[PDB]
Amino acid sequence: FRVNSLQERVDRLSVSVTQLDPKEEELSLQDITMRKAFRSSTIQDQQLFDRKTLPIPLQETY
Amino acid sequence: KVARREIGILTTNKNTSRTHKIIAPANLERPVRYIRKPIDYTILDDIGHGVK
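- Per the PDB entry, chain B is named Abl interactor 2, and its organism is Homo sapiens.
- Under its PDB header, the title given for this structure is "The WAVE Regulatory Complex Links Diverse Receptors to the Actin Cytoskeleton".

- As annotated in the PDB entry, chain A carries the name Wiskott-Aldrich syndrome protein family member 1 and is attributed to Homo sapiens.

What follows is the structure, given as structure tokens:
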């Protein structure tokens, strides 16, 4: 699923980049003033041994 | 390209060239031989209103 979702995401970005025009691209200071800075994902996995993570086989033995 | 386009506005050609320390003429001066000739008081007769 993820692969397919990403592939189509990659494909249309490969097209968007094609349309990029350095000659017309204008820069504004409102990005530094009115628009938040890019933030990469900061997900950290924890509590890996909750009962809900217990595999079915062991659950039955339990 | 966007960055270079932004700084390109603040630039202009720096007219610099490269040549040799010494450039001799195409044709060097010809050594003229000395020949004796008498004083001639008529060589200015055609300059201005001359008198023959």
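What follows continues from the structure just given.
**Focus on the overall build of chain B**
Alright, step 1. The number of helices and strands found in chain B is one helix and zero strands.
Alright, step 2. Taken over the C-alpha trace, chain B has a radius of gyration of 30 Å; the compact-globule value for 52 residues is 10 Å, which it surpasses by more than 25%.
Alright, step 3. For chain B, the C-alpha atoms occupy an extent of roughly 85 × 30 × 10 Å along the three principal directions.
Alright, step 4. Burial statistics for chain B: of 52 residues in total, 2% are counted as buried.
Alright, step 5. Accessible surface, chain B as shown: approximately 6800 Å² in total, 56% of it carbon and sulfur.
Alright, step 6. Treating the 11 positive side-chain charges of chain B as one cloud and the 5 negative ones as another, the clouds have centres 19 Å apart.

**Considering unusual backbone geometry**
Residues and elements named next belong to chain A.
Alright, step 1. Positive phi outside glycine occurs at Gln47, with the angle close to 50 degrees.
Alright, step 2. Tracing the backbone shows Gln47 in the loop between α1 (2-19) and α2 (56-61).
Alright, step 3. When its relative accessible area of 59% is taken as the criterion, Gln47 is described as exposed.

**Re the interface of chain A and chain B**
Alright, step 1. Chain A puts four residues into the contact, and the matching count from chain B is four residues.
Alright, step 2. Buried area between chain A and chain B, both sides added, is near 350 Å², and the carbon and sulfur share of it is 72%.
Alright, step 3. Counting the surface chain A buries against chain B, the share from its top three residues, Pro22, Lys23 and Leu27 of chain A, is 86%.
Alright, step 4. Counting the contacts that link chain A with chain B gives one residue pair in polar contact.

**Some remarks on the packing of aromatic side chains**
Alright, step 1. Within this structure, the stated rule accounts for zero aromatic pairs over all chains.
Alright, step 2. The residue whose ring lies beneath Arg51 of chain A is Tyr62 of chain A, and the NZ or CZ to ring-centre distance is 4.5 Å.

**Comments concerning a nonpolar patch on the surface**
Alright, step 1. There is a patch of nonpolar side chains on the surface, built from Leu13, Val17 and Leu20 of chain A and spanning about 290 Å² of accessible area.
Alright, step 2. Position of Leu20 of chain A among the secondary structure elements: in the loop between α1 and α2.

**Considering the pattern of salt bridges**
All names here are of chain A.
Alright, step 1. Going through the model one piece at a time under the given rule, you end up with four salt bridges over all chains.
Alright, step 2. For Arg35, the salt bridge goes to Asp31, with nearest N and O atoms at 2.7 Å.
Alright, step 3. The residue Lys52 makes a salt bridge to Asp50 at a minimum N-O spacing of 3.1 Å.
Alright, step 4. Residue class for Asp50 comes out partly exposed when judged on its relative accessible area of 26%.

How each quantity is defined
Residues numbered from 1 in each chain as written, not as in the entry; some residues may be left out. Chains lettered and ligands numbered in written order. Part of a larger assembly, values for the part shown. Heavy atoms only, no water. Helix = DSSP H or I, 4+ residues; strand = E, 2+ residues; numbered from the N terminus. Rg over C-alpha atoms; globule rule 2.2 N^0.38 Å. Buried < 20%, exposed > 50% of the residue type's maximum accessible area, 1.4 Å probe, protein only. Areas by Shrake-Rupley, 256 points an atom, 1.4 Å probe, with all protein chains shown as cover. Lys, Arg positive; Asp, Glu negative; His and termini not counted. Charge placed at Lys NZ, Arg CZ, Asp CG, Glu CD. Contact = heavy atoms within 4.5 Å. Buried area = accessible area lost by both parts, 1.4 Å probe. Polar contact = N/O pair within 3.5 Å; in protein donor to acceptor, adjacent residues only side chain to side chain. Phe/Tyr/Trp six-rings, centres within 6.5 Å; stacked < 30°, edge-to-face > 60°. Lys NZ or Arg CZ within 6 Å of the ring centre and 35° of its normal. Patch = residues over 30% accessible without salt bridge, like charges linked within 9 Å, V, L, I, M, F, W, Y side chains within 5 Å. Salt bridge = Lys/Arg side-chain N within 4 Å of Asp/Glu carboxyl O.

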